[PDB]
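Working notes, structure below.
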Amino acid sequence: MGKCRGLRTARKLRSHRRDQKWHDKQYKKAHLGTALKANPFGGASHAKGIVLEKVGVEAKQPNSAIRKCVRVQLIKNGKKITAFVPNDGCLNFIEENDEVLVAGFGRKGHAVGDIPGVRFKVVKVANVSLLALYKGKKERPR
Amino acid sequence: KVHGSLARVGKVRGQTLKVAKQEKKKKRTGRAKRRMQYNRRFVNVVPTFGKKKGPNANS
Amino acid sequence: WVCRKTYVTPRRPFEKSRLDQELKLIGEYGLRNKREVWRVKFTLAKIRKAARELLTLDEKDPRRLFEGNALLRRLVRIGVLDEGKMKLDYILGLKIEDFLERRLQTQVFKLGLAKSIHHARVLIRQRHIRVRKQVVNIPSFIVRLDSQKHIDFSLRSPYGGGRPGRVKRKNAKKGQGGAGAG
Amino acid sequence: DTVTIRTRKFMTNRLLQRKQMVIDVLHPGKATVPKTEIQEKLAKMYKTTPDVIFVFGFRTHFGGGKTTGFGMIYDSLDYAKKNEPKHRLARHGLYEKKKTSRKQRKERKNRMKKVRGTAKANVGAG
RNA sequence: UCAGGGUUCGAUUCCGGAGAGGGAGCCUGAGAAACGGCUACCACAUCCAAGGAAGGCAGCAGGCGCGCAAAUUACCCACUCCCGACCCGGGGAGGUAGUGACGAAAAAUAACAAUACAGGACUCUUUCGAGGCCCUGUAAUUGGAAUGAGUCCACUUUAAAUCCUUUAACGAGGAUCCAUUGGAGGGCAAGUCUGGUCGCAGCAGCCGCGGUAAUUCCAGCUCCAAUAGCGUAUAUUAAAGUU
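Same order as they appear, the protein sequences are chains A, B, C and D. Okay, so the first sequence: first residue is 1 according to UniProt numbering, each after it adds one. Okay, so the second sequence: first residue is 75 according to UniProt numbering, each after it adds one. Okay, so the third sequence: first residue is 7 according to UniProt numbering, each after it adds one. Okay, so the fourth sequence: first residue is 3 according to UniProt numbering, each after it adds one.
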């Protein structure tokens, strides 16, 4: 309680709630829209780009590994993202200065696992999925 | 060895044994797949004292 | 134009206790899939939702009388409920198994020739039974109470009168053209 | 095979000069007999001869053993020939309409817009 | 979507409104500030003998471009209605087919005996042991029976046809007329089996696995879940009495 409970206090309630909703964390990203503007995506699930150069990222402690990322610039916003390559040895199935299709990690703007600075992964290298390259259901077209 | 192109991919898949042993069998589907699942778990009659043994085990 | 989704999924994805009940229920009636179970259980919970309305509102209001009467009539017409009951409270005493009993494949087995429940489903689909005069391929019929004594084989089919199948009629010609002289 | 034509919804339609009913058929052999065969039998059930019988419909129920259609019986030929949908007269021939169709018509029209005072010229051009 | 109270979404088949590249003006008519009418500017773009002339797909198809992202330059006025001087003409409105795992409904991928082992109620017997019944899988073959999937004459369907339903003749022995998608340390239903790798390579929404005996990696085997579907990304609700 600690609040008015008149029968004519609809205004003082409905204007108060509309204000104290802005302090909520979820709401403040959704409704200012600065989230979208800042994102390298337009708010689309995927996006398409062109590879710039392979890189390797050294994982945050205590784990030690090299995580074989790429760096890609996008078509639809012309700006750059550092993107993970999943499975094993799929670095080889990516070849520089071609198109790729990117996709978010699965934690909505926040780095996943022990790798820092990488919020994206890669799905298609030339209309052929990393899954099908790895399994052998399709082959890289050269 | 920790080393041996330890800055580069392929080191646990390109140097394993290659196995391609497989069976020939016809597995059941739909109705019959549930029929075997029902009988094999619950009615044979199943019970044996103090059993705890799971549906798999290497015991 | 108009569509709806009949089944619903379980709230929890895994729970040994729940899974065992769904398994043993499928074993009993020889059902194909768990989607064929949740479908039934939707029907029950639907009827239970409608019922829970009518119990709150005084008797001798027109909504409660007319609805209840015609609801209970339908429950009696399929015979999952007695007329020695027929009160709205006894709607809530209904449960899953009574529905599944009224299914065609259950009634084929119960009142006609089969060797197991697994046999009976195959007979319905391979068109060797009828319901009064009419072939069916649906073992999920639900069978009105009056009609549980008109389940018969098909009037043309190898079971009952009608032409011999192509396993028989092959082998009959195997005594004259399959091994008769060539 | 076994052919049973059974009479249902008898109406004497004086305004169109016909008699319209339902054509209820039972046949446990091969269900669905030719429509030609049906109108022979119905001709000799009201004695009106098969040049004023018209039938259509004939969807066969699941499991066979029954088929149901819809049939008319006209008093005279000229009353049928006048009333009758065009395709139903051409169904068992005594009528036709030549149709080119529907691209030859439009392409002629659009060419005709360009000329004036002569309608026959564009048609002559082939 | 949801117990009650709510929250989010509504470009999109009904109804109302606004607009035909952007602006402005206007003729005709009962009705228009009309654009498959006209006149001008501005922005575009085409033909030309260079003197001039002509244009507006947010109509149906189709193409380019844009992007994560979206179908046939098909048939036809038979239905439904509309328009006309009119029973008779016309209508990419509209109806029909094609492409179509958006999504929804239906439910095939083997059912039954023989032998073979196996279990337990039951009976006889002092126990031992035997008989015998109910069912189970599981091997070996089989045996008889059944059916559409397909192929396919015929009827039927309809504007004409397809499909469907209806019907000949062919059409099943498990090897083929082949079910996959994910996972098996905990959350959370399922292996401390074997080989390889040995903080390397990789896995891991989260907690964490990997440094020579890896229940988590790479494979095989086995098992579990869901099942003609299942996984992944993002928006959004419930979970949130964390508005």
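Beta carbons: idealized from backbone N, C-alpha and C, even for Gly.
Which residues, in chain order, does the segment 79-93 of chain B contribute to contact with chain A at a C-beta distance below 9 Å?
-> Listed by position along the chain: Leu80, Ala81, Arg82, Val83, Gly84, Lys85, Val86, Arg87 and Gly88.
Alpha carbon to alpha carbon, how far is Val100/A from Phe93/A? Give it in angstroms, no decimals.
-> Each residue's alpha carbon lies about 11 Å from the other.
Would you please verify whether the beta carbon of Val141/C is less than 7 Å from any beta carbon of chain D?
-> Taking Cβ atoms only, chain D reaches closer than 7 Å to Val141/C, which makes this a yes.
N-terminal and C-terminal residue of the beta strand (DSSP E) that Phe159/C is part of = Taken as a continuous stretch (DSSP letters only), the beta strand (DSSP E) holding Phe159/C covers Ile157 to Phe159.
If we call anything under 7 Å between Cβ atoms a contact, is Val149/C one with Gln113/C?
-> Yes; because the gap between Cβ atoms is below 7 Å, this pair is in contact.
Reduced DSSP secondary structure (H/G/I, E/B, other) of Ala82/D | In the three-state scheme derived from DSSP, where H, G and I count as helix and E and B as strand, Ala82/D is classed as helix.
Exposed or buried, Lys108/A, counting other C-beta atoms within 10 Å across all chains shown (16 or more means buried)?
-> That one is exposed.
Do the segment 75-84 of chain B and the segment 105-120 of chain A touch if we need at least three Cβ pairs shorter than 8 Å?
-> Because the criterion of three Cβ pairs below 8 Å is not met, the segment 75-84 of chain B and the segment 105-120 of chain A do not touch.
Since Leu91/A meets chain B, which of its residues come closer than 7 Å, beta carbon to beta carbon?
-> At a beta-carbon threshold of 7 Å, the residues of chain B lying near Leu91/A are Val83, ordered along the chain.
Applying the criterion that 16 or more other CB atoms from any shown protein chain within 10 Å of the CB defines a buried residue, is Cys4/A buried or exposed?
-> Classification of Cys4/A: exposed, given that the 10 Å Cβ count is below 16.
Got a sec? Which residues, its chain only, sit under 7 Å from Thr50/D by beta carbon, not counting five neighbours each side?
-> Exclusion of the five residues before and after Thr50/D leaves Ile75 as the residues of its chain whose Cβ lies within less than 7 Å of its Cβ.
Three-state secondary structure assigned by DSSP to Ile75/D = DSSP places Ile75/D within a strand segment (E or B) once states are collapsed to three.
Excluding five sequence neighbours on each side, which residues of the same chain lie with their C-beta closer than 7 Å to the C-beta of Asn143/C?
-> Closer than 7 Å at Cβ, skipping near neighbours: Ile130, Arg131 and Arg133.
Specify the secondary structure class of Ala57/C as computed by DSSP and reduced to three states.
-> Correct three-state label for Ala57/C: helix.
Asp114/A at chain B interface by Cβ criterion, 7 Å | Among the residues facing chain B, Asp114/A is not included, as its CB has no counterpart in that chain under 7 Å away.
Quick one: Cα of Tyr97/D to Cα of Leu37/C, how far?
-> Here the C-alpha atom of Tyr97/D lies approximately 58 Å from the C-alpha atom of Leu37/C.
Answer yes or no: do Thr62/D and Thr34/D have a C-beta to C-beta separation smaller than 7 Å?
-> For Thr62/D and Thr34/D, yes; Cβs fall inside 7 Å.
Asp24/A - DSSP class collapsed to helix/strand/coil = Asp24/A: coil per DSSP, three-state reduction.
Is the number of C-beta pairs between the segment 80-87 of chain A and the segment 62-69 of chain A that are closer than 8 Å three or more?
-> Yes, they touch.
Reduced DSSP secondary structure (H/G/I, E/B, other) of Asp26/D = Strand.
Residues near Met114/D in its chain [Cβ-Cβ closer than 8 Å; skip 5 each side] | Answer for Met114/D: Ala121 and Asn124, listed in chain order.
At a Cβ threshold of 7 Å, is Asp24/A touching chain B?
-> Chain B contact via Cβ: absent.
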